[PDB]
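Coming up is one lone chain in structure tokens, specifically the form deposited without the partner chain.
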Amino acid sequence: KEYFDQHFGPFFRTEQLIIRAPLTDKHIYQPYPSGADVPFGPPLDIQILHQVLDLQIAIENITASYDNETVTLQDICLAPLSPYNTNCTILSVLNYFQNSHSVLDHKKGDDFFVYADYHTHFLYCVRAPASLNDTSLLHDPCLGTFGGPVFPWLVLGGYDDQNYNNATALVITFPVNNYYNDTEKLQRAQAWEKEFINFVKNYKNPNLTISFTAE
């Protein structure tokens, strides 16, 4: 998957996870006021997205030690908003909701019907991932917290044509510095990667199967 990209150009490599929801069924979203039904695959169930967001947040918080120093993802990641540590690049469907549990829960509706919710936002954002403003009543941005668009074909798997709603897998990608010319900083990044591998290997959630992708 990320082999073909040159990982992320010559100076960054990617840690990448593929995530499926084996104990979750698909479900129907009915657009308001009228319109054809849109089925959403298992990993786009609202609760599995919340659970995948917790996984993602936990990954961001992983630390490793090398000598007496501490190594965070923020020390090694691609963060294009500013020259100094910042909001790390995470290619994920959760970045359409700015990696926020509350934004994912945003909804507009009356006492009984839903006008707009995460389905509505999703279906807009896969068509306009750089948008700062959903055209629906939510008016939420699509842009990821790292300051760039997340293209839908990079963060979803197992869908037909461009029906991203029918995805059977989520793909999560963190670019990190390869540090080809800096030996001391590469060792720190590799220390972090070892903790990342451990974290993923020991992560317990019956609702998710988490795998590393084949390079």
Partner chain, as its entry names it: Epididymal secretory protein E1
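Residue numbers count along the first chain shown, from 1. Rigid core here is just the name for the largest C-alpha set that superposes within 1.5 Å across the two forms.
Only in words, not in the display: the form solved in complex with the partner chain, which the text now covers.
Engineer: Is every one of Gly9, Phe12 and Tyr180 in contact with the partner chain in the entry with it bound, taking contact as a heavy atom within 4.5 Å?
Structural biologist: So, no: the whole triplet misses the partner chain.
Engineer: Though only this chain appears here, would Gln30 touch the partner chain in the entry with it bound if you measure heavy atom gaps against 4.5 Å?
Structural biologist: Within the cut-off, so yes.
Engineer: Check whether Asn68 has any heavy atom within 4.5 Å of a heavy atom of the partner chain in the entry with it bound, and answer yes or no.
Structural biologist: It does not: once the partner chain is placed as it appears in the entry with it bound, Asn68 has no heavy atom within 4.5 Å of it.
Engineer: With heavy atoms only and a cut-off of 4.5 Å, decide whether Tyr115 touches the partner chain in the entry with it bound.
Structural biologist: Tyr115: contacts the partner chain in the entry with it bound.
Engineer: Would you point out which of 166-174, 32-40, 145-153, 182-190 contains residues with a non-hydrogen atom within 4.5 Å of the partner chain in the entry with it bound?
Structural biologist: Comparing against the partner chain in the entry with it bound, the contact stretch is 32-40.
Engineer: Would you mind checking 68-84 for residues with a heavy atom within 4.5 Å of the partner chain in the entry with it bound?
Structural biologist: The stretch 68-84, when checked against the partner chain in the entry with it bound, contributes only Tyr84 at the 4.5 Å heavy-atom cut-off.
Engineer: Would the C-alpha of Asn85 be classed as shifted by 2 Å or more between this form and the one not shown after rigid-core alignment?
Structural biologist: Shift at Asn85: 2 Å or more after core fit.
Engineer: So the C-alpha spacing of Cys142 and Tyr84 changes by 3 Å or more in the entry with it bound; is that change toward closer or farther than shown?
Structural biologist: Closer: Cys142 and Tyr84 approach by 3 Å or more in the entry with it bound.
Engineer: A 3 angstroms or greater change in CA distance between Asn85 and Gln98 is reported in the entry with it bound. Closer or farther than in this form?
Structural biologist: Closer is correct, given that in the entry with it bound the C-alpha spacing of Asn85 to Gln98 is reduced by at least 3 Å.
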